[PDB]
Each structure stands twice: as structure tokens, then as C-alpha cells.
Amino acid sequence: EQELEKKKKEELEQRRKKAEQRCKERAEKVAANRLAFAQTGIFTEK
Amino acid sequence: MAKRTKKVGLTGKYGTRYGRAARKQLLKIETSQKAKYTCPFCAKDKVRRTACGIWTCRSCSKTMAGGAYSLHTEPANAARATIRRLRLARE
Amino acid sequence: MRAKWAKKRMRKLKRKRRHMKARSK
Amino acid sequence: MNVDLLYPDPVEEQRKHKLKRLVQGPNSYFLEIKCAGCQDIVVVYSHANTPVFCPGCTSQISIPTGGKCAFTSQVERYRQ
Amino acid sequence: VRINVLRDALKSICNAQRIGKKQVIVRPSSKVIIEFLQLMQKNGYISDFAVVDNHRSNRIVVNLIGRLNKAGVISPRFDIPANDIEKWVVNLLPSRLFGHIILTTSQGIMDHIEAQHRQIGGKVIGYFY
Amino acid sequence: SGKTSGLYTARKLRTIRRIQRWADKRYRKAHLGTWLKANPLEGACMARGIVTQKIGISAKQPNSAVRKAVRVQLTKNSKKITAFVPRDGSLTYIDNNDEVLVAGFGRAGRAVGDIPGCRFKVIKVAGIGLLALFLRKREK
Amino acid sequence: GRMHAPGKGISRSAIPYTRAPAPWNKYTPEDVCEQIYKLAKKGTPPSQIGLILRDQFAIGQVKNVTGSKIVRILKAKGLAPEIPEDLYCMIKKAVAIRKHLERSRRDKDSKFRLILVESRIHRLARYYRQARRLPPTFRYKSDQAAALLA
Amino acid sequence: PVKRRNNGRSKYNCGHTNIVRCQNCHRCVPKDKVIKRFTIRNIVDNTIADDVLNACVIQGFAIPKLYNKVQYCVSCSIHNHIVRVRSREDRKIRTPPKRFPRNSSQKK
RNA sequence: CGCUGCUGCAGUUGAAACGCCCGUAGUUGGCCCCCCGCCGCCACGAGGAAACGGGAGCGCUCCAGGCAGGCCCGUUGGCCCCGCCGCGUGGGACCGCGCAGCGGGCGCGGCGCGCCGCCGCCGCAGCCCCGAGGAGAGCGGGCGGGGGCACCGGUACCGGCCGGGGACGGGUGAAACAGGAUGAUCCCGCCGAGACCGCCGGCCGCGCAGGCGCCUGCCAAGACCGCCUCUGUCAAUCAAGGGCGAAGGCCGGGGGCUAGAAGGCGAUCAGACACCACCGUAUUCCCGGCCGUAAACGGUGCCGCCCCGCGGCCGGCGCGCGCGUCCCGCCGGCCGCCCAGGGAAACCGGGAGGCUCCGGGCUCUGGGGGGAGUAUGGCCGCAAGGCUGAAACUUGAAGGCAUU
RNA sequence: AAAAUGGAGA
């Protein structure tokens, strides 16, 4: 049974689960990758 | 568990004999007689009654001159502090 | 206090029945 | 005397309960405070629950009380 | 706790009108209490109303024509067939001249008069004298 | 009264009505079922039987005269119950054991008027109506 | 109803009507996100997270600045509380109350609170078991209540 | 047929109180149903105040003033006439009558 | 006879809110997502034996009757019944609940297509309503005779001890019972236990209620108010089930200062069994258990809503003011009087009002006065007693508040 | 200080 607990962990890993960087890709994103919101000239997209 | 529902379990060792007053009074005293109280120095509940009056704690390896049926008889427990009161007052 | 001296009288009547019911059986 | 419930009168509204008013709104405000030594601006709630320390001075600029937060340094009024 | 908003509104409106205060407040706006109020305004018992809106329950401010005699609710809704609409008019309406019982029918929510004439009977939400 | 009212509460009201129905003295009288067994008469207009010892029950107040009644054992339940005689001086006709029918006092259980402790009323003796015996309409 | 306690009070407070961000808005909504995780890194529970952000920093309302709840940014991030703070804190209270009851058993009144708080904990946890917050197996018990902190 | 709204007591937000016994009856009474008149009286009688003041061996002496509470039971109060049963109109009058701000146990 | 109450009854005093609180089923859950699908739900059919009854036409010598009658609707006997809890048909208002990201391509992927696969594929605005004068948690500050555990200071009362002094002392409504020249009462010092926490002490405050008052501390809280703090309906009342619960009682110890059920006296009165004096045991105080009841009463269950004004007291929290416990609100609780309104009245009116114009929710209880809390079973307790709970029979009022 | 009755039924 204890081994199947490890198997349950395996199925969880495939799910997005823990993506701390994805939630924190906001303040860090606003310093480097922010696009044309103020004085940037690259407005046109795709 | 709870083999004999009535509270007279320690004193169930007697059976139908010896009346209903004596058996009940014995239950309280007998349970107190074999109880593990806490020796002062050892501070662990390892004391039993070696013989009426003298009780000793296995860990503390010390013999306390307590009561016949309990490490601290109720009247003495008071006298303790009354000696302390007179003494603290003396100096 | 009639209620008290009726109720406790009733209790004395109730107790009399108990001895009468058991001793007779 | 002309008093109208539909168009709510603001003067009485202030004295009214934060919930009893025709609209249940906040009854507290954010106040920036002026540290006398330096001009860093610290925003504090009208009623403070946790202490805010003026940047550059470890000692809390606000020691919270059940309602108004007093300040060890001089106070900048509201937002001004 | 508060289960029937309309009873707390009906006695809110009726009690206020009893003192003669035209403007009244209601703690929660309901789309069903909108139905009773706008059918009251439609029959002319109540005057222009409004809901000051927070994002929560909302409060209803209603001005009155001052003519309301009685209003009330049947809790909870009891369903009557369109055959029995008139027995309920006898018990809960003073006269058949000013009779109005709020019925709920799937095809629109109307007062008792129009519904039986439309041969549909649903549940009696509240009484309107 | 608290009252429990909801669209799905036909339970509270059904039990309550059943339990609180048997509170009336009259309801319990006809619904306990004790009354058919308890009444000397088995719930009937009249009961045949044989006459036993005659009786002179003192009245109460205002009425202050002895009212002659006869105690008869109803044949069907083998029980002895007293029956008030009809009109003035009508008891002299009734003496030893004779066929007697007994009927209710209207109240159906309570003793009639102010004559205490009598629940039933004789209506016949022998094979002739006892109210005709009084008028000598029908008599031995 | 103040739940079990009879005493009734209104202690609620009114947050700002604008659903959109406050005007001054000293930081960016994006800037707000890194401060909230930092509070998970500081170890602040979610209730205390809003309180400290509220006075220490200008941010006072979370939804207005960013469209989420204190816990929803944290739930997407690594620190997601399985036992919501509102239960974790009440379990913490039962242990603390048990400590008085074990030391002295003569306090029937404190025993009434330890009975009241146990009962409140059970009600809140039946909610979190029907929802996905707490596992169906999770059941409050008397002995491991101390260990539930882990 | 409730006689008084107070019910002879000032108990509000309460359930039970302490018992003080009547000086006359000796009857235990809860603090709520007891009269509790506070009385200030000079220790000597007023009649012999003059001769004792005349014997003022110490300078500027003043009479011994005693502060005590009198708490008669309900039955003790009526028979010793501390208070008198009154009519419905008089029931709500919250004041002791016959003025008397004079400082002695006897009102004189 | 709305005196069985669903419509449509009472429960502050007639009959009646569990002593108190938690609590599982049960019942009941605010706004709120138009459109989809199920619930329930009405409209509304199909097919549902009559007799009987509602009800065509009809003059037995008139009906009650019957369905006959006459140159006649193919003359009749038409029609509504049957409840049929299903079954169609439709509305979807209300009513409860709804999950799996969609979608496209390959797709006729077998007389038409689905499954199911396989593709981020590009069409996704792909994705967490709100933040309840619901509740839970949180934080800041005060709040209280609120609780436990130690600790401890007073005086009193009683009992000793020494000293002094000098006959009476006690007790009362008067008296007497028992004190006292081995010296009482009395007057002071010295002391020993045991309870008790005085005046301050209250339309004060606290607490689930019973209840809560020595000084020092110590432990766990509770309610409260304030807040741009999260939680997101976790809610209400609650059978069964628990937890407490004054005194008295009981069961073993410990303790024993005063009062003091019993029991003794004296003194009362034709009796004094008693009232009153004087002793005095159980008890009272503590610990460990049982009891589980009180006029446990506010004689008024709980959670909600709306109110008519005038003042207090306590808890915060703001309001300006020459800053004074100054005013003025937000108040949460304590309340007094009371306006309509209600009530058989008395009275209530921070309700017992909004209600014969009689329908927020939810537990409990009553049905003339006896018998009767009895009998009989069960349960509980060691017992006392508790808890549950009829009848046979009686008999005409019992009762409620008010007027002289 | 003591201090007890008041037949039935207009």
C-alpha cells in the first residue's frame, strides 16, 4: 500500500501541480519582459 | 474488557462473601494501597507499598515514611505547611 | 404548605406499597 | 421639512454606521505620514492593526491602538 | 434567520406606510420582490421605486402613493390548480372588486385576475389587498 | 404556538394530529376503545336482564328525597348495574327478579341531573312498558 | 448568532466599493504577486498575509489590485494550505485549551470551552471534507490533534 | 396579577445574589429584597452633647460620628414602620418622604 | 366545536416553553448565473365499468318515481362521473441539483452516423460572480464579584492561656432552663484551629446557565468594539445521543468556628407535639464519586425582521469643540417610563405589537376539574428518589384577571 | 403574651 502512495505522487507530477515560477512570473516579468505599456516602441504583435 | 461491570473489580477477587459495605470500602482503600504515587526526589510515579507505612520508588531507590495506605496521608500533608508557617515566621 | 404535605404523604403511601408488593410475593 | 431617502444626504451619512448607510462603504482611510528626519512617505491605515516602521528608522512609526494609529514623528495630514 | 425576504419587505412596506412614511428601505432586493413591487406599482398601490445597489444584497428605496391598505405573504408557496383560484380569493381577498393574489405561472408572473382568465394556476407567492 | 410550516413537513403535522387528537375527554371516550368494554351496557340502547336487590339512594342538594332504583344483572355481560325507575310511585310494580330493560340517561355516562351516583335508567319490567304501567296504559 | 455563543455583535468591516484597483496604486498588480509569495516564504498564514500587506505596504485590497484571493495566488504557487487557516488555528486552540484541562481538572468551565471548540472544529471540518479542501479520510481525533500542525 | 415590575428586587442581568440577615427578623434576605437605608448618627445622644462638649479636655474635639448600614427584612420593615405600603400611584414615587436632611438616626 | 386547528387554537397569570447548553438524523436555509438538462410543478390530453350522485327530455291521477314515449333528434335515455399518483403534450415561473475545459480536423472512417482513438490543432477573452448588518478564522485595543490552580491578609466567632478585679451573670414578650467567690460576666493582653470575606456592593458589570466578591501571583479562555485581514455558505432549530446543574440528600475519607434537620430541656398555652429561650447530633467546609431536582421564575424556548419618542448605566469606537471623562453620534449589552398597536383583563410595549385584514423558520407543550404523577411495565440511582406514564370511576364547575 | 368551634338548606 505504501508503494501505491508513491504511485499516486507520480500521477500528480504530470498535472501542472507546483509551478511557483509561473505564479511569480509577474513582478519579475514586469522588470524584464513587459512589452509596450509605457515608452517601448514595439507595439505591433503577431 | 470491563469484565465485571460493577465498579467492585479490584475487590471482585472476594466474590459474593464479605458484605456490601466492607467490599466497597476495601475497593477504595485497596486501590490506594497498590497505587503508583510520585516519590518526591525521583519525581516519577514508581512508588509502591513495601509494607504498611513504608513506601519506596524503584527509580529513586529511596524509602519515604508515608502513610499506611497512601504516600501522603491527608492530615500530615497539612501539618507539613503548618511547620513551614511557624518556621518561616520564626526567622 | 399543603402541596408539600400531600406529595410527601403520597411518597409515604408509595413506599408502603413496595414492602407490601415484595414481602407478600 | 424636505429630507429624501432616495437621494442620500452625505452630512448624516458620516455619523451613520459603516453598514447602516444606503451604501455600506469603508469608514477609514490611508494616511501618508512625514518622518521629520527624511522625506520617505509611508502609507498607514486610519486604524492600524500591524506596526509600520519608517524606512531608515527601525523603530515602528506607528504603535497600533484599537483605532487611530499615533506617530512618534510629526504627522503628514491624510494625503497632502 | 431570514428565510422569507418578501415577508420582511411586505411588513417593511406596510409598517412604514402605517406611520405614513412614503420612502421605505428593504434589506435585500429580489427579482421576485421586483415582481410584487412592479405588480403593486402596475395596480397603482405603490409609487416610483429604486434599488440603491452595492455589489451585495442591495437596498430597495420605494416612494409610496400612501394608499396601501394591506400586503402580505403565504409562506411557503402552496400550489393551487387554475380550477381552485377562486377559493383562495375568498379567504385572502377583501371583496372581488379589489382582489389581487400574486400567482406564479411559467408563462409570465401575473396577479390572480389575469391568470384564471388565462386558465393557468401556479403557486400563491403573497397576498395583495 | 410555534407551528412548523414547510412544503415538506407532512410528518410533524401528521404525528402531532394523531397524538394530540387523544387529549379530549370526549375524543378519548370514543377512540381509546375502553368505553365499549368499560360501560356496563355494551354500547347499546337497551339491555335485557333479571332484577336484583332494590335500592333507595339519598339525593344531594337541592333535591332532598330518596329515589327508588333497582339494581339488575344484565344477562349478556353478567354484571350488576342499577337503573333509575320512571315516574311517580312506579317502583311498587317492580319487586322480585323480573325481565328488565335498561337505557341511557342521556349524558351517556355522567349521572343524570342532581341524583348522585346513578348512570342508567330502567325502561321496562316484565313484557310491558314501565311508563305505561305508571299510567295504567299497560299493566299486569 | 455568534455560532454557539449567545452574545450577538456586528464586527464586520466594509472593503472598498470599486471592484477595480484603487487610484493611488503605488505598485503594479504584478508587483503585488511577489510580495504575497514572500509572505508564504516569511511563513505568514493567509489571514495574517492580508493584514501585514495592508499597513506595511500601500496594498489594502487584493482583488482590486489583482483579480484573485490571497490564497488563490498562493494556491497556484507552491504554498497551498490543505487545512485552511480557519481550521488550523482552531485545532491549535483545542491543544492549548487541553493543556489547561490536563494540568487542572477542577475547571469545568474551561472544559466547556474545550467542548465548544471541539464541536466548532467538527462542524468546520465536515465542510472541508465535503469540499476538496480536506481529504475524506481526514477526521478530527483527540490524540493526534497536536500532530496535525505537521 | 404581578404586583411590582421590579418584583421587590433590582436584579438585572443576574440570577442569584448574596444573603444579608435582618437586624430585627434575623431572617436571611437576598441583598435585592433588603431595605439598606444608610444612617449617620452621632455616638452620644444629642441631649448630653452640650455637657460632653463642655468637658472638652482635648482642644477642638468633635463628636464621634458613626457610619453604619441598617438592613431590615421585608416583614421587619413594615412592622417597625421603616416603610409603609402605598397605593398604585404612590408605588412609583422614588423618594423617602418627610424631607429631614438632619444628621441623626432619630430624624430630629 | 377554529373544543383537534393545514386553512384555523391556546402556552406572562385560565390547560401549557423542557433548569441549562452542545449535538446526529429530521425539518429549514439570503441575494445570486435569463435560454441547457433533470427534478418537483401547473395547463392539458389518451385510455380509464357501472349503480349512485351533479345533471337533458318526460305530467304515474302530481311527485317520490322511473327512462320512457309517440307520428317521432336513424324519437329517446343527452351529459358530468370514475381521480387514473403513471402515461403523452406543452410551458418553464418558482422549486432543488448538475462533473468530466470546450470546439475542430481526420468523418459515413459498414443500408447514416456515433463511438472511441489520434492530433495544441488554433476559434477559444478557454477557466477563481460577488465578499451577505450569514457564519468561521485572524489582528489591534481596552472588558468584566467570569473560571481553575497555588498563595495569602484581615477581623469577627469560638476554644485555650496569664494578669487584673468583685457578685452577679444568661435569656425574653415576660420569665425560667443550664453560667458563676475552683472568682463568672467584665477589662485588657497572648494564642490555637475552623469557616467568612464587612462598609464599599449598584434599574453595576461578567458568564451556557446553575451562578459570580480576602491579598498576591499564575494558566486557559470568553464576549465586546474597531479593520481596505483572509474563508466563501461552513447556516437555523434540533428527536436519538451527550455535557453540566443551587440547596438538601447519599457514599467513603478529612475537617469541625458558628448556625443547626433530629434529640433533650425550660417557658408558654385547656396541648405546645410547635412558635419562643437554652444546649445540642447529622449537616454545614474540603477531596474523590452518586443524585439530577427547585417559585431552576422574566411563571415569557431559540434564531430573524419592522418599530415612538424621552432619559439614565456599562463596553469599546469615532465627532467637533479652548480640551474639559466637554459634547455628539456608532452603539453591543443593562434598563426605566411609555406613543400607536395588542390583550378577558392585569398589563406589555429593546413586546406579550406588526395578526379573525388570522400563513419568516424550527424544537417543545396543552385540551374541564378530579382519579394521578397514582396503578402497570421499562430505565436510572447505593438508597432516597428521578425519568417515562394510562385506566376504572366521579361530577359541574375547577380556574383566569379585574369592580363594589 | 394567649386568642378554638359556628350544624343543612335561602
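What are the residues in region D:28-49 that are in contact with a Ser or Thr (Cβ under 9 Å, 6 or more places away or on another chain), surrounded by 15 or more Cβ atoms within 10 Å (Cβ to Cβ) and within 17 Å of G:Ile59 (Cα to Cα), if any? Answer for region D:28-49, where residues must be in contact with a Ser or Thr (Cβ under 9 Å, 6 or more places away or on another chain), surrounded by 15 or more Cβ atoms within 10 Å (Cβ to Cβ) and within 17 Å of G:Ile59 (Cα to Cα): D:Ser28, D:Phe30, D:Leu31, D:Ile33, D:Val42, D:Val44, D:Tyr45, D:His47, D:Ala48.
Does G:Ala5 satisfy the criteria of being in a loop (DSSP other than H, G, I, E, B), closer than 30 Å to A:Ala38 by Cα and away from chain A (no Cβ under 14 Å)? The answer is no for G:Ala5. The single residue among G:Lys42, G:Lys38 that is within 14 Å of chain A (Cβ to nearest Cβ) and either among the hydrophobic types (A, V, I, L, M, F, W, C) or without any contact (Cβ under 8 Å) to a residue 60 or more places away in the chain (or both) turns out to be G:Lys38. Among all residues of region B:45-54, there is none that is more than 13 Å from the chain's Cα centre (by Cα) and more than 16 Å from RNA strand J (Cβ to nearest atom).
Within region E:17-31, is there a residue that is under 16 Å from the mean Cα position of the chain (by Cα) and either over 22 Å from D:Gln24 (Cα atoms) or part of a helix (DSSP H, G or I) (or both)? Scanning region E:17-31 turns up at least one residue that is under 16 Å from the mean Cα position of the chain (by Cα) and either over 22 Å from D:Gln24 (Cα atoms) or part of a helix (DSSP H, G or I) (or both).
Residues of region B:16-34 that are under 14 Å from the mean Cα position of the chain (by Cα) and surrounded by fewer than 11 Cβ atoms within 10 Å (Cβ to Cβ): B:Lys34 alone. Determine whether region E:68-79 contains at least one residue that is over 13 Å from the mean Cα position of the chain (by Cα), assigned by CATH to the domain that holds E:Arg27 and in a strand (DSSP E or B). Among the residues of region E:68-79, not one is over 13 Å from the mean Cα position of the chain (by Cα), assigned by CATH to the domain that holds E:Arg27 and in a strand (DSSP E or B), which makes the answer no.
Put simply, of G:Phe138, G:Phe112 the only residue that is in a loop (DSSP other than H, G, I, E, B), surrounded by fewer than 16 Cβ atoms within 10 Å (Cβ to Cβ) and either in contact with a strand residue (DSSP E or B) (Cβ under 9 Å, 6 or more places away or on another chain) or of a type in the set (A, V, I, L, M, F, W, C) (or both) is G:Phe138.
Note on region D:54-66: among residues that are surrounded by 15 or more Cβ atoms within 10 Å (Cβ to Cβ) and not hydroxyl-bearing (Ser, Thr, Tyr), the one that is nearest to RNA strand J (Cβ to nearest atom) is D:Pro64.
Go through G:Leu116, G:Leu101 for me and flag whichever is more than 14 Å from chain A (Cβ to nearest Cβ) and touching a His at 6+ places or on another chain (Cβ under 6 Å). None of the others qualify; the one that does is G:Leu116.
Within region E:48-70, which residues are within 11 Å of chain D (Cβ to nearest Cβ) and of a type outside the set (A, V, I, L, M)? E:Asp48, E:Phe49, E:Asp53, E:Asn54, E:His55, E:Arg56, E:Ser57, E:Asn58, E:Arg59, E:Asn63, listed by residue number.
Residues in region F:7-30 that are surrounded by 11 or more Cβ atoms within 10 Å (Cβ to Cβ), within 14 Å of chain E (Cβ to nearest Cβ) and not hydroxyl-bearing (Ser, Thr, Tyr): 2 in all.
Those helices (runs of 4 or more DSSP H) of chain A in which 3 or more residues are more than 9 Å from every other protein chain (Cβ to nearest Cβ) and not hydroxyl-bearing (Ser, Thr, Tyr) occupy A:2-14.
Among the numbered conditions (1) outside any loop (DSSP other than H, G, I, E, B); (2) free of Cβ contacts under 8 Å to residues at least 24 places away in the same chain; (3) more than 14 Å from chain E (Cβ to nearest Cβ); (4) of a type outside the set (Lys, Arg), the only one that D:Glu13 does not meet is (3). Pairs, please: C-beta under 6 Å, at least 6 apart or cross-chain, first residue more than 14 Å from chain C (Cβ to nearest Cβ) and in region F:49-63, second of a type in the set (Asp, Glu) and within 16 Å of RNA strand J (Cβ to nearest atom)? Hits for this filter: F:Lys60/F:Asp114; F:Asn63/F:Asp114. For region D:16-55, a residue qualifies if it is facing chain G (nearest Cβ under 9 Å), of a type in the set (A, V, I, L, M, F, W, C) and in a loop (DSSP other than H, G, I, E, B), and the qualifying residues are D:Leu19, D:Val23, D:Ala48, D:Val52. Within the set of pairs 6+ apart or on separate chains, which have a first residue in region H:1-22 that is of a type in the set (A, V, I, L, M, F, W, C), a second that is assigned to a loop (DSSP other than H, G, I, E, B) and more than 8 Å from RNA strand I (Cβ to nearest atom), and C-beta atoms under 6 Å apart? From residues that are of a type in the set (A, V, I, L, M, F, W, C), the pairs are H:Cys22/H:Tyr72; H:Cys22/H:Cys73. For region E:5-13, the count of residues that are more than 7 Å from RNA strand I (Cβ to nearest atom), within 12 Å of E:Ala71 (Cβ to Cβ) and within 14 Å of chain D (Cβ to nearest Cβ) is at least one. Among residues belonging to region E:40-67 that are more than 8 Å from RNA strand I (Cβ to nearest atom), of a type outside the set (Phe, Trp, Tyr) and surrounded by 19 or more Cβ atoms within 10 Å (Cβ to Cβ), point out the one that is farthest from D:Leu5 (Cα to Cα). My answer is E:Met40.
Take the residues of region E:105-125 that are within 6 Å of RNA strand I (Cβ to nearest atom), crowded, with 19+ Cβ neighbours inside 10 Å and away from chain F (no Cβ under 14 Å): which is farthest from E:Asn83 (Cα to Cα)? Going through the qualifying residues, I end up with E:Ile109. Residues that are out of contact with any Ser or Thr (no Cβ under 6 Å at 6 or more places or on another chain) and either more than 21 Å from F:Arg48 (Cβ to Cβ) or among the aromatic types (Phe, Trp, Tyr) (or both) within region F:110-140 comprise F:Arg110, F:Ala111, F:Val112, F:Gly113, F:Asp114, F:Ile115, F:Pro116, F:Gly117, F:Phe120, F:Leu135, F:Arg136, F:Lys137, listed in sequence order.
What is reported rests on the model, the rules as stated and the sources as named; these are not laboratory values. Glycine gets a Cβ as well: all are built from the backbone with ideal geometry, and neighbour counts include every protein chain shown.
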